[PDB]
**Q** 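One structure, as structure tokens, below. Some questions next.
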Amino acid sequence: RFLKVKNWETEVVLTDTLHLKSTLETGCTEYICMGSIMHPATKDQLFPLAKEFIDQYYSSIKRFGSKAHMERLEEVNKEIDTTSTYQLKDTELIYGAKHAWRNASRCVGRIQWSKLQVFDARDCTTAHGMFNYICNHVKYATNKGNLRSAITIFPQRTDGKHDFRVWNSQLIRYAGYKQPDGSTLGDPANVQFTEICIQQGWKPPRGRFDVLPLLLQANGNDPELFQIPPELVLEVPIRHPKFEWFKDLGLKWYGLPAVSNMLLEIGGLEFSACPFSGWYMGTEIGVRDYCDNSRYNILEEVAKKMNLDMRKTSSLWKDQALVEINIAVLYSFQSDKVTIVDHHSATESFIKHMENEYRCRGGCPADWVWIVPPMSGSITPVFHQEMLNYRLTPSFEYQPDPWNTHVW
Amino acid sequence: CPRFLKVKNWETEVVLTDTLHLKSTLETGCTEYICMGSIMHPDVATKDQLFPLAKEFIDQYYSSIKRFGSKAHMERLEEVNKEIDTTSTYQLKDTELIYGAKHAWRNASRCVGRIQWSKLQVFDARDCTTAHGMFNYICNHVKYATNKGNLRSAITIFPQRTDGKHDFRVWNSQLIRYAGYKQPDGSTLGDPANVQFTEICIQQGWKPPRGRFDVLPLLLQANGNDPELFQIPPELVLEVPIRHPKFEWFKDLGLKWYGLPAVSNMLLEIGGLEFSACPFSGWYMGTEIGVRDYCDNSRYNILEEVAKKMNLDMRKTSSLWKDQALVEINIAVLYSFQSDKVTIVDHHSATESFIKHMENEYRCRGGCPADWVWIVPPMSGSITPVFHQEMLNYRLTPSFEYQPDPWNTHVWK
Ligand code: HEM
Ligand code: HEM
Ligand SMILES: Cc1cc(N)nc(CCc2c(F)c(F)cc(CCCN(C)C)c2F)c1
Ligand SMILES: Cc1cc(N)nc(CCc2c(F)c(F)cc(CCCN(C)C)c2F)c1
Ligand SMILES: C[C@H](O)[C@H](O)[C@H]1CNc2nc(N)[nH]c(=O)c2N1
Ligand SMILES: C[C@H](O)[C@H](O)[C@H]1CNc2nc(N)[nH]c(=O)c2N1
Ligand SMILES: [Zn+2]
């Protein structure tokens, strides 16, 4: 059936037909909704997946049922027969990577989806090769602060014993240190990964903003440590446009957000190493990174310097410090001409993207739980936007952390 | 469905196990292929439909009072069955009515306030026959619940649906709300959310004061008859003028709000019985006023004027002038209610209580259905503990349900 979505602020109603093309599961049933749960091959399994993807690629370039389409189908059939897998054409890899982003229901940045620079790294064989490819990615995507979206695609999975993996969760992240007296120096989300890097020989500077090394696994071998050359790592000192004391907090962040632990699935092929990057929405730094209780957890210090009354929650001192921290982040990036988007502009772009996708595509899968920003929700337009969530492929998927599967 | 489902809290690592979902009744709207978790809304029962629904409820009640399988349980089952057989309906006992109303609240997955569910004063109004009598019951409800500002949660339950042509309905969406007036020039005076109902009231004979904060009259329908208008005695409408602890100029905005939030348009379903008029009230979380009522664009929409008085740069969104004004507005709302000693809860306290409540429910009941989209507050979401809490949503009965607006269905006499 067709399905309608209503925006309760504008009363606009859209009609979804695209959900009829989905086949992966959501996790919900008719009786239980799992919308706030974070995470709910063979020759036989492969060809229908390959066929569907080839079909939708040739349907996208409007040569469905063409000789090129027919020949590709047979070419893929023979290749799965004689090798239990197949290799994408370059054109298909690019189309598949752009559409995995287009289909990412949790991403508010998707208005940019067709401006994605796709780096083909399928000829890589070693961790040194991966490091080279990744340095080139970081340099290209950073672009002296004028950030450019990019993805680098390493060889696909074969037997599951020869996986390519970036062990880092992001290419650029700060270390976290388990202090003797109990607390945490640096970034507490990375304590385990930091300790794995130390355990592999990394000499930790034990600062607050230590860029972690890359830990890279090629063809299922043990992973190897590499230091990203510092001139490739663009950072922003965080200051406030009114509180001159804000800089004395000693805060900084990196400009390049680059997810490196997800899995890219295209036509039944699995790309276990596919680091991809864009640019930040300011709340990603200022709300979650800085203010989660299990993260940098700085709200108390900021509220202190603002001299806010912190004895009762109903003074909303936490909410006041939260806004100022996010003003500082946005101000700092813009002052340094590092690409960044505020949650008001981003959500506005996403509503416009939604309208575009409903018109030209018949829908847009979207995860309200993730699309609504972690602060000032209902004063952004996505709060009032009903969204249908469903799984379209090509897609990005979660995968296990490699230190739970790897045999040394 | 699997017998155990786990939810995780990503801030604390606590993992809870849900078995209560196995008692789920109606549908969520979701399927295996599509999730409708952000969709806001995703002829009577026959004898045959009513038998099993009543038995399920009666079984649950006698299980709650530790008398399952007892002689009184089996007798009640038989008495209900005969009554459905000979009359096509049945009547709840007072004890069952109170149990059912409390559990409809306990089961309300969108309510962050459910730690209080067992302290609900239930007013039995099933003897009511006329709209005047409905007025009397509602006045007593408002007075009791307001309690000079020390608010107490309460529900008043009017007679159940019979053939659907004799419904009791409160046409108001809440017992206390402010009028909205569309102007010829397109502007709105008062609360833009209530323009449709205000016009209906005016058409029914209400003389509007045409101000910014005019308490709407009650529009009350008894036994399926045409609805009738009543003015709530103004001394029963407790109100709070909004002022700011720092900004002296804030009181010059002339803002105020009423103290009692009281939903009156929902349907209470108990044992297959349908209570189409069941107004219920609690106390406010501050953001319901300071964020939604005041700062929604289609509501009072005061962000601009507050930002002006704060002298914020309103040309770049990246200045976060909206976010900064929204906080001060919510500071004022909480400060003004606490100063006048009118019960109110800030969003940090309410969400922390709800997490404690949810953990207790998981431990002692086997789960707690919760709608994350509604539980997370509309400001500062991720610095509240519910943001990081995985929740399972499912529909248990007894329940509160939405129902059509009565002017769309009423057969005018
Ligand atoms: C171009 C600027 C971009 C912006 C502003 C943006 C914004 C965001 C934000 C704010 C989130 C939520 C992140 C979180 O809460 O952890 C997100 C998620 C996501 N983004 Fe985008 N993004 C951008 C680019 C991209 C690109 C280039 C890709 C892939 C090629 C991508 C794929 C995803 C995916 C898969 C998720 C879901 C992550 C998960 O499930 O954990 N995004 N995005
Ligand atoms: C006692 C203090 C209470 C607090 C702090 C509270 C808090 C809330 C809040 C913040 C919401 C979301 C409101 C919105 O965004 O419109 C809500 C919804 C709800 N509450 Fe509670 N509530 C309380 C009492 C009650 C009582 C006494 C009942 C019923 C007996 C109840 C039943 C509901 C229901 C059914 C909803 C969902 C309404 C809908 O979907 O439109 N609440 N509550
Ligand atoms: C391409 C892109 C652009 C953009 N603006 N944001 C993203 C999301 C980033 C991102 C994830 F995808 C994710 F799964 C988890 C985290 C956790 C926070 C870790 N952080 C402290 C280092 C995260 F930040 C991606
Ligand atoms: C008992 C109780 C206590 C509390 N604190 N909150 C609530 C929920 C409030 C609530 C609804 F659930 C609802 F469906 C509709 C409205 C009216 C419009 C809302 N707003 C646009 C004015 C309403 F006020 C109930
Ligand atoms: C479209 C979306 O479902 C809608 O805006 C919902 C979102 N969550 C909400 N949450 C609460 N508490 N109240 C609401 O009115 C809404 N509105
Ligand atoms: C429990 C809940 O699913 C979890 O906290 C989610 C909620 N929404 C989110 N939304 C975004 N953008 N990022 C997140 O990490 C989360 N976490
Ligand atoms: Zn769902």
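Throughout, a chain's letter reflects where its sequence line sits, starting with A, and its residues are numbered from 1.
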**Q** Which heavy-atom pair separates A:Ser314 from B:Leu334 by the least distance, and what is that distance?
**A**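 Of all heavy-atom pairs spanning A:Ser314 and B:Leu334, the closest is O-CD1, 3.7 Å.
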**Q** If we define contacts as heavy-atom pairs under 4.5 Å, which of A:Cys28, A:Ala366, A:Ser22, A:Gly377 has the most with chain B?
**A**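 Top count of heavy-atom pairs under 4.5 Å with chain B: A:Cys28.
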**Q** For the candidates A:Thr23, A:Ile340, A:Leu322, which exhibits the highest count of non-hydrogen atom pairs separated by less than 4.5 Å from chain B?
**A**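 Result: the option with the highest number of such pairs is A:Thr23.
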**Q** Quick check: closest heavy atoms across A:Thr29 and B:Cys1, and the distance to 0.1 Å?
**A**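 The pair with the smallest heavy-atom distance is OG1-SG, 4.2 Å.
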**Q** If you compare all heavy atoms of B:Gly37 against all heavy atoms of A:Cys33, which two are closest, and at what distance to 0.1 Å?
**A**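 Where B:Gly37 meets A:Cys33 most closely, the heavy atoms are CA-SG, 4.1 Å.
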**Q** Please step through side chain to side chain contact (heavy atoms under 4.5 Å, CB included) for the pair B:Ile383 and A:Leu299, ending with a clear verdict.
**A** CA-CA 10 Å; B:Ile383 62 171; A:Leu299 276 176; 4.1 Å; yes
**Q** Given the options A:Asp319, A:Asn326, A:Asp367, A:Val369, which has more heavy-atom pairs under 4.5 Å with chain B than any of the others?
**A**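 The candidate making the most pairs under 4.5 Å is A:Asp319.
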**Q** What verdict does the side chain to side chain contact (heavy atoms under 4.5 Å, CB included) test give for A:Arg288 and B:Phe387, after you've listed the backbone C-alpha separation in whole Å, the side-chain angles of each residue and the deciding distance to 0.1 Å?
**A** CA-CA 11 Å; A:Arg288 309 296 320 277; B:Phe387 186 94; 3.5 Å; yes
**Q** Answer with side chain, backbone, both or neither: which region of B:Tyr33 has an atom nearer than 4.5 Å to a non-hydrogen atom of chain A?
**A**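 For B:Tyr33, backbone and side chain are both near chain A.
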**Q** Cut-off 3.5 Å, side chains only: do B:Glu328 and A:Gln320 have a donor facing an acceptor?
**A**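 Indeed, the side chains of B:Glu328 and A:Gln320 share at least one donor-acceptor pair under 3.5 Å.
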**Q** Pick one of side chain, backbone, both or neither for A:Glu348, based on which atoms fall under 4.5 Å of a heavy atom in chain B.
**A**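 Neither part.
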**Q** Of all heavy-atom pairs between A:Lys318 and B:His348, which one has the smallest distance, and what is that distance?
**A**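 Here A:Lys318 and B:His348 meet closest at CB-CE1, 4.3 Å.
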**Q** Could you look at A:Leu388 and say if it's the side chain, the backbone, both or neither that has a heavy atom under 4.5 Å from chain B?
**A**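 Interface part for A:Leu388: both.
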**Q** Counting N and O atoms only, with roles assigned by atom type, does the side chain of A:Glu30 sit under 3.5 Å from a partner on the main chain of B:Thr28, one being a donor and the other an acceptor?
**A**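 A pair under 3.5 Å: no.
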**Q** Which bit of A:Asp342 is near chain B, if near means a heavy-atom gap under 4.5 Å: side chain, backbone, both or neither?
**A**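 Side chain only.
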**Q** Give, as side chain, backbone, both or neither, the part of A:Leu3 having an atom under 4.5 angstrom from any heavy atom of chain B.
**A**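 Just its side chain gets close to chain B.
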**Q** Looking only at heavy atoms, what is the nearest atom pair of A:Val287 and B:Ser382, with distance?
**A**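 Taking every non-hydrogen atom into account, CG1-OG, 2.9 Å.
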**Q** Is the backbone of A:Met387 close enough, under 3.5 Å, to the side chain of B:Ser38 for a donor and an acceptor to pair up by distance?
**A**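 Judged by distance alone, yes, a pair lies under 3.5 Å.
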**Q** Using non-hydrogen atoms only, which part of B:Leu5 is less than 4.5 Å away from chain A: side chain, backbone, both, or neither?
**A**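 For B:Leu5, the contact with chain A is made by the side chain alone.
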**Q** Would you name the heavy atoms of A:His343 and B:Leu320 that are closest together and state the gap between them?
**A**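 Smallest heavy-atom distance, with atoms named: CE1-CD2, 3.7 Å.
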**Q** Heavy atoms only, distances under 4.5 angstrom: which of A:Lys4, A:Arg295, A:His19, A:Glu9 has the most pairs with chain B? Name it, please.
**A**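 The answer is A:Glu9.
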**Q** Checking A:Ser315 against chain B: side chain, backbone, both or neither under 4.5 Å from a heavy atom?
**A**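 Backbone only.
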**Q** What part of A:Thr380 is in contact with chain B, defined as an atom under 4.5 angstrom from a non-hydrogen atom: side chain, backbone, both or neither?
**A**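 Answer is neither: A:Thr380 stays 4.5 Å or more from chain B.
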**Q** Once you round to the nearest 0.5 Å, how far does NE2 of A:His384 lie from CG of B:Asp296?
**A**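 A:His384 NE2 to B:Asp296 CG: 4.5 Å, rounded to 0.5 Å.
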**Q** Taking side chain as everything from C-beta outward and backbone as N, CA, C, O, which of these in B:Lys316 sits under 4.5 Å from a heavy atom of chain A? Side chain, backbone, both or neither.
**A**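 The side chain, not the backbone.
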